[PDB]
Amino acid sequence: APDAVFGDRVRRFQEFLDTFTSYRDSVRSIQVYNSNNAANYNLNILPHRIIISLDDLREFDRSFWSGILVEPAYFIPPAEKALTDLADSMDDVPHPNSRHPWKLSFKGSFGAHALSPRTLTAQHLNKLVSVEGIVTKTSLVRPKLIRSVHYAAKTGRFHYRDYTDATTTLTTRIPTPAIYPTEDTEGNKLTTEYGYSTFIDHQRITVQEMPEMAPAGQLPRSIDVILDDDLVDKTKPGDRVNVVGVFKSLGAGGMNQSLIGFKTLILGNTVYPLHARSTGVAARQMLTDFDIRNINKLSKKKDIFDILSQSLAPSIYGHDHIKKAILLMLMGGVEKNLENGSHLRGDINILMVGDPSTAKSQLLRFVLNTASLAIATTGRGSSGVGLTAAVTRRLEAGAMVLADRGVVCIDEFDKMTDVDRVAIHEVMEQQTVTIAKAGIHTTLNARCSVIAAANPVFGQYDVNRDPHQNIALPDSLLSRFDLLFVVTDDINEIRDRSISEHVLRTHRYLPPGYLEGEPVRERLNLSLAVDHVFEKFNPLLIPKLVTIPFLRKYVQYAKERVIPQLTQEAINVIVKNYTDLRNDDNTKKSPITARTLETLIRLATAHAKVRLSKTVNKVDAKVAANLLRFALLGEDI
Amino acid sequence: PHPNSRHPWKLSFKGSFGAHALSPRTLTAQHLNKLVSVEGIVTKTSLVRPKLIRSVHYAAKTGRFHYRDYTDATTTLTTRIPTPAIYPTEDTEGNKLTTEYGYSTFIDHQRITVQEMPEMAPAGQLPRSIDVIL
Amino acid sequence: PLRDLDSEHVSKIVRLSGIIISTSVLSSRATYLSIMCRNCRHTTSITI
Ligand SMILES: Nc1ncnc2c1ncn2[C@@H]1O[C@H](COP(=O)(O)OP(=O)(O)O)[C@@H](O)[C@H]1O
Ligand SMILES: [Mg+2]
Ligand SMILES: [Zn+2]
């Protein structure tokens, strides 16, 4: 039976949708997208879901906003009905072959409802809450029968029955346990018609307080979240997540005479995978047309490589070719997948062996902070079980499996066991992890670029000795590292005063919105995995330095929209340089193998990607070989 | 539309009924759930009593008008699930309700008794009667 | 003391010292719940 208050709220939300035109634009775009590939194929179908900004709702109608936040069961169904009515009103051109219920998702500032699994108590029940946590368990995506269609052969007629549970609606119904129809009303045997029955995907994930904010030494708190038909498979275990949903109570909690307390869970409305450092979530960024224009504008510059090289770690003094190599690894080459099935690696590995305090770990931490997807590990702090996969009858991804299509920053690389070393041997060239353990023969993808830091045998790189004795690493392992940089802390007066002036200038830095003696606050930077190009603060005083967010945008653009093709004019340089490096006797820091030809190719491709060029020209090969010759010998030609 | 789906229209039937044109004596149990025309004499006409089919109530604390629809076994030709919804004496959340007569809906109901006509009933035999609900 | 609790302390206020070794997850207990009959629409409230 119709409710006057329900209709009043429906028309109020219709007024809200009319006021903010972005929601008709979103619904219209979704409908035209669905119709266009429906007619095209007689890709994927976008869900009937709209992101609603709670700030705009508060601006429009504060009580509707407070009603949704505090009494969602009475305000969300009317708003969803209004959205569905609006969508069916604009649906003048129906999809080929009210109706099509549209769901709502919420975003914005939740205030006191933005909680965690620890702070989510029983006085938040029946409220729209945003819970931030870590996904620890993801159940199987199971179909749920919401409508069963049967066939009666004697009458030749198709019947159906709709099913309802306590979690499909925000309000409580009268429970109607309608049985599965095994026969008609008048005795005819029914045959279930699979493919005409309706099954809805259902998942139940567990969100636990994030380790970065959970109290140390205390047992963590968890909360159940239920996802239905479009939020399933939106996250994976170990993901940082922000789930917006209604904190519901279900069952009777032992009152109904046939539990210790009422069964509580979150009916998920929105799932946002969050980006935290050293996690398995990549960093999607929004690239406006202005950002792309600036990226192309800077790519037109000749010295853009240098501009990108110095802007990586201005705080670190020097380490300029190391920064060039780090930028090239951030871009990386393009992997080759030949038709027969073979794989050519397109990821660049870097090793930095050096004396104490030459900033190898700060250069690792910077890469961890700025990379799209980076996992930080330490030698012997993570084993092969912790680096590669692990069998739990089920597999748990390790450091280098979560970092697939990403970067692995390994500090204290020398303090790594040989059992880990063999797994690392497999991961670096073939980019795969073969388990073959306890009846689980699986080949996980570990297409990751490894950057590592190491110390010499005696703790100080002796220039009198040779590198092979100063490294104490297997030669086969050192071959996998595309670029091996030996950094030595030479005491020279010019660079001594220059590095000290830099260190002090960096220490004498103030944020734009801070006082002289105000302790700088620090948050954990839980970015959402979806305004000037250059940097005001320049530790060096000189070319221009771009901001780290803009550098990340540039790296993302070049990494996702540029796939350079090798050219003969680059091949001549690459082949000549490889032949010289193989045959010339120079007492190289690292050996020269066919892997050296491919690090030449990969670095040339990466530098071509830096310039946004779709073809690797001669200059790219020359600069790649230049960096390689520096890395092998120390030349400055 | 009239000044100030909707407005359910009822059907009435006329014509030749054949074997369904009966009398209260010949109307047996094998005519049940059939459309029959019965000719007879009206012997009893009950009072035309109103039947509450929708009750409208007012909650003064919230100042809101609520309603409840009522259904019986005789208002539909098909059998429903019986739903004995009680008369709402209070709101869902405890507010006392006041019945709003004149906004509630009452439907006239009569129960007549049709007996075999004396001109066609057998002589000396006790007549047969049938109940009709209008 | 926790070892000195006899049956004479049952249903009485006792002060006892110790160390907490476990804290379970918070569970929801109904302090006021609205109820409605299934084969009716009779609304009632139970207050705890
Ligand atoms: N060349 C350098 N330029 C700037 N800072 C440096 C340099 N070398 C060392 N530092 C400083 O030394 C400190 C320790 O460096 P760290 O990265 O921990 O050294 P290591 O690589 O030996 O572990 C950091 O605060 C870092 O800024
Ligand atoms: Mg270090
Ligand atoms: Zn009842």
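Residue 1 is the first one shown; counting continues down the chain.
Each residue, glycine too, has its Cβ placed from N, Cα and C.
Look at Swiss-Prot and you will find A:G354, A:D355, A:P356, A:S357, A:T358, A:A359, A:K360, A:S361 tagged as ATP binding site, backed by sequence analysis. In sequence order, A:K360, A:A453, A:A454, A:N455, A:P456, A:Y461, A:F485, A:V486, A:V487, A:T488, A:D489 are the residues of the chain that are 6 or more apart from A:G354 (ATP binding site) and have a CB within less than 8 Å of its CB.
Nonlocal intrachain contacts for the motif 'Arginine finger' (A:479-482), taken as residues 6+ away from its ends with a CB within less than 8 angstroms of a stretch CB, comprise 348-351, 424-425, 428-429, 450, 452, 590-591, 593, 595, 599, 602-603. Residues or ranges marked as motif 'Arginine finger' by Swiss-Prot: A:479-482.
Taking the mean position of the Cβ atoms of A:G354, A:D355, A:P356, A:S357, A:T358, A:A359, A:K360, A:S361 as the ATP site, the remaining same-chain residues with a Cβ inside 8 Å of that point are A:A453, A:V487, A:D489. By the rule that a residue counts when its Cβ sits under 6 Å from some atom of ligand 1, the binding-site residues A:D355, A:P356, A:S357, A:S361 yield A:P356, A:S357, A:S361. In three-state terms derived from DSSP, A:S361 (ATP binding site) belongs to a helical segment. Taking a Cβ cut-off of under 6 Å from any atom of ligand 2, none of the binding-site residues A:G354, A:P356, A:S357, A:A359 qualifies. Counted with DSSP, the motif 'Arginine finger' (A:479-482) comes out as 2 helix, 0 strand, 2 coil. All protein chains considered, the CB of A:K360 (ATP binding site) has 27 other CB atoms within 10 Å. A sphere of 10 angstroms centred on the C-beta of A:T358 (ATP binding site) encloses 23 other C-beta atoms.
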